[PDB]
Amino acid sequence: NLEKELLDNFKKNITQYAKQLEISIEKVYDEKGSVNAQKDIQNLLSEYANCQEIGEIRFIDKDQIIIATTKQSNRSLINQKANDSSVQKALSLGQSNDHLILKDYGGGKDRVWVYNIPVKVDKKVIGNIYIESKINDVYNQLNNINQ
(Lines of atoms letter the chains of each structure in order from A and count residues from 1; the text may use other names and numbers.)
(Lines give C-alpha, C1' and ligand atoms only; values in the text may rest on other atoms or scores of the structure.)
Protein backbone atom coordinates (compact mmCIF):
# COMPACT_ATOMS: atom_id res chain seq x y z
CA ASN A 1 0.00 0.00 0.00
CA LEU A 2 3.05 2.29 0.20
CA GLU A 3 2.74 3.48 -3.42
CA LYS A 4 -0.91 4.49 -2.94
CA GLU A 5 -0.05 6.20 0.36
CA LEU A 6 2.87 8.27 -0.93
CA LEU A 7 0.97 9.28 -4.09
CA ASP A 8 -2.08 10.37 -2.05
CA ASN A 9 0.18 12.36 0.28
CA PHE A 10 1.86 14.11 -2.66
CA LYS A 11 -1.46 15.01 -4.24
CA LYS A 12 -2.85 16.24 -0.91
CA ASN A 13 0.21 18.48 -0.44
CA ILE A 14 -0.31 20.00 -3.89
CA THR A 15 -4.06 20.53 -3.53
CA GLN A 16 -3.96 22.16 -0.07
CA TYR A 17 -1.10 24.45 -1.18
CA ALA A 18 -3.07 25.26 -4.35
CA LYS A 19 -6.20 25.98 -2.34
CA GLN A 20 -4.24 28.59 -0.42
CA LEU A 21 -3.05 30.20 -3.67
CA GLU A 22 -6.68 30.28 -4.87
CA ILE A 23 -7.80 31.95 -1.63
CA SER A 24 -5.04 34.54 -2.04
CA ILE A 25 -6.05 35.42 -5.59
CA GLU A 26 -9.70 35.67 -4.67
CA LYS A 27 -8.82 38.06 -1.87
CA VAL A 28 -6.74 40.35 -4.09
CA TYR A 29 -9.72 40.51 -6.49
CA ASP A 30 -12.07 41.27 -3.58
CA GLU A 31 -9.82 44.06 -2.32
CA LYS A 32 -8.71 45.71 -5.55
CA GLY A 33 -11.07 44.84 -8.43
CA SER A 34 -10.11 42.88 -11.53
CA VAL A 35 -7.93 45.53 -13.22
CA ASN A 36 -5.58 46.28 -10.34
CA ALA A 37 -5.76 42.73 -8.96
CA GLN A 38 -4.64 41.00 -12.17
CA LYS A 39 -1.32 42.79 -11.58
CA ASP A 40 -0.65 40.97 -8.27
CA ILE A 41 -1.29 37.47 -9.61
CA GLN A 42 2.18 37.09 -11.10
CA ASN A 43 3.90 37.71 -7.76
CA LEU A 44 1.64 35.21 -6.00
CA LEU A 45 2.25 32.60 -8.68
CA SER A 46 6.01 33.19 -8.41
CA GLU A 47 5.93 32.83 -4.62
CA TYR A 48 4.00 29.57 -4.74
CA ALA A 49 6.08 28.11 -7.61
CA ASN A 50 9.09 28.19 -5.41
CA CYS A 51 7.84 24.91 -3.83
CA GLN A 52 10.14 22.09 -4.88
CA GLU A 53 7.52 19.72 -6.22
CA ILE A 54 5.94 22.17 -8.64
CA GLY A 55 7.20 22.23 -12.21
CA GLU A 56 4.97 25.10 -13.32
CA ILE A 57 1.97 27.23 -12.38
CA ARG A 58 -0.20 29.17 -14.82
CA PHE A 59 -3.16 31.45 -14.33
CA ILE A 60 -5.77 31.37 -17.13
CA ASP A 61 -8.82 33.72 -17.31
CA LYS A 62 -12.53 33.07 -18.22
CA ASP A 63 -11.68 33.34 -21.98
CA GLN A 64 -8.93 30.62 -21.67
CA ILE A 65 -6.11 33.18 -22.08
CA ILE A 66 -2.86 32.38 -20.26
CA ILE A 67 -2.42 35.47 -18.05
CA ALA A 68 0.64 34.40 -16.12
CA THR A 69 3.23 31.62 -15.94
CA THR A 70 6.03 30.96 -13.45
CA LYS A 71 8.43 29.27 -15.93
CA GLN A 72 10.34 32.05 -17.71
CA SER A 73 11.07 29.88 -20.75
CA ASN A 74 7.26 29.76 -21.30
CA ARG A 75 6.83 33.57 -21.45
CA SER A 76 5.76 33.32 -25.10
CA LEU A 77 2.63 31.55 -23.80
CA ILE A 78 1.27 34.71 -22.19
CA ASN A 79 -1.83 35.99 -24.07
CA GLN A 80 -2.21 32.73 -26.00
CA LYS A 81 -5.24 30.47 -25.71
CA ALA A 82 -4.56 27.60 -23.31
CA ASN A 83 -6.34 25.23 -25.70
CA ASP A 84 -6.60 22.71 -22.86
CA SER A 85 -9.64 20.48 -22.29
CA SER A 86 -9.00 20.00 -18.58
CA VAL A 87 -8.69 23.77 -18.06
CA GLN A 88 -11.92 24.23 -20.00
CA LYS A 89 -13.64 21.65 -17.86
CA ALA A 90 -12.48 23.51 -14.63
CA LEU A 91 -13.65 26.87 -15.97
CA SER A 92 -17.04 25.52 -17.11
CA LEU A 93 -18.01 23.39 -14.10
CA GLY A 94 -16.31 25.51 -11.42
CA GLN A 95 -14.68 22.40 -9.98
CA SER A 96 -11.14 21.15 -9.64
CA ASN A 97 -9.81 18.26 -11.70
CA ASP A 98 -6.60 16.30 -12.28
CA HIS A 99 -4.88 13.89 -14.64
CA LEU A 100 -1.50 12.28 -15.25
CA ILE A 101 0.60 13.29 -18.24
CA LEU A 102 4.00 12.24 -19.64
CA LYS A 103 6.18 15.27 -20.35
CA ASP A 104 9.80 15.65 -21.49
CA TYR A 105 11.43 18.69 -19.87
CA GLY A 106 14.86 17.74 -21.24
CA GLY A 107 15.47 14.67 -19.18
CA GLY A 108 13.20 12.18 -20.86
CA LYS A 109 9.47 11.66 -20.55
CA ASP A 110 8.49 12.10 -16.86
CA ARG A 111 5.18 11.38 -15.17
CA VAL A 112 3.64 14.75 -14.20
CA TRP A 113 0.46 15.35 -12.24
CA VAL A 114 -1.74 18.09 -13.66
CA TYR A 115 -4.05 19.84 -11.17
CA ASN A 116 -6.60 22.50 -12.03
CA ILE A 117 -8.43 24.57 -9.43
CA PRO A 118 -10.77 27.35 -10.62
CA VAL A 119 -10.69 30.73 -8.92
CA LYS A 120 -14.10 31.99 -7.79
CA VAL A 121 -14.86 35.55 -6.73
CA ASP A 122 -18.33 36.14 -5.33
CA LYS A 123 -19.16 32.52 -6.47
CA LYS A 124 -18.39 33.07 -10.21
CA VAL A 125 -15.34 31.63 -12.01
CA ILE A 126 -12.81 34.38 -12.90
CA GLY A 127 -10.02 32.03 -13.97
CA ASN A 128 -8.17 28.78 -13.32
CA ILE A 129 -4.90 27.79 -11.65
CA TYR A 130 -3.14 25.12 -13.71
CA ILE A 131 -0.31 23.25 -11.94
CA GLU A 132 2.24 20.77 -13.29
CA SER A 133 3.62 18.91 -10.27
CA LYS A 134 6.63 16.59 -10.19
CA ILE A 135 4.85 13.44 -9.10
CA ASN A 136 7.60 11.39 -10.79
CA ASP A 137 9.64 12.12 -7.66
CA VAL A 138 7.38 9.76 -5.72
CA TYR A 139 7.63 7.12 -8.43
CA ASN A 140 11.40 7.41 -8.32
CA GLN A 141 11.61 7.18 -4.62
CA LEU A 142 9.40 4.07 -4.60
CA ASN A 143 11.63 2.53 -7.24
CA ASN A 144 14.65 3.29 -5.09
CA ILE A 145 13.33 1.12 -2.23
CA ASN A 146 11.90 -1.59 -4.54
CA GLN A 147 8.29 -0.75 -3.80
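Residue numbers run from 1 along the displayed sequence.
Q: Mean Cα B factor from the PDB record: higher for 25-33, or higher for 111-119?
A: Looking at the record's C-alpha B-factors, the answer is 25-33.
Q: Where do the C-alpha atoms have the higher mean temperature factor in this entry, in 35-43 or in 88-96?
A: Stretch with the greater average CA B-factor: 35-43.
Q: Which third of the chain does residue 67 land in by C-alpha B-factor: lowest, middle or highest?
A: Middle third, going by the recorded CA B-factors of the chain.
Q: Once the chain's modelled residues are ordered by C-alpha B factor and cut into thirds, is residue 101 in the lowest, middle or highest one?
A: Its C-alpha B-factor belongs to the lowest third of this chain's values.
Q: Can you tell me whether residue 78 has a C-alpha B-factor in the lowest, middle or highest third compared with the other modelled residues of the same chain?
A: It belongs to the highest third of the chain when residues are ordered by C-alpha B-factor.
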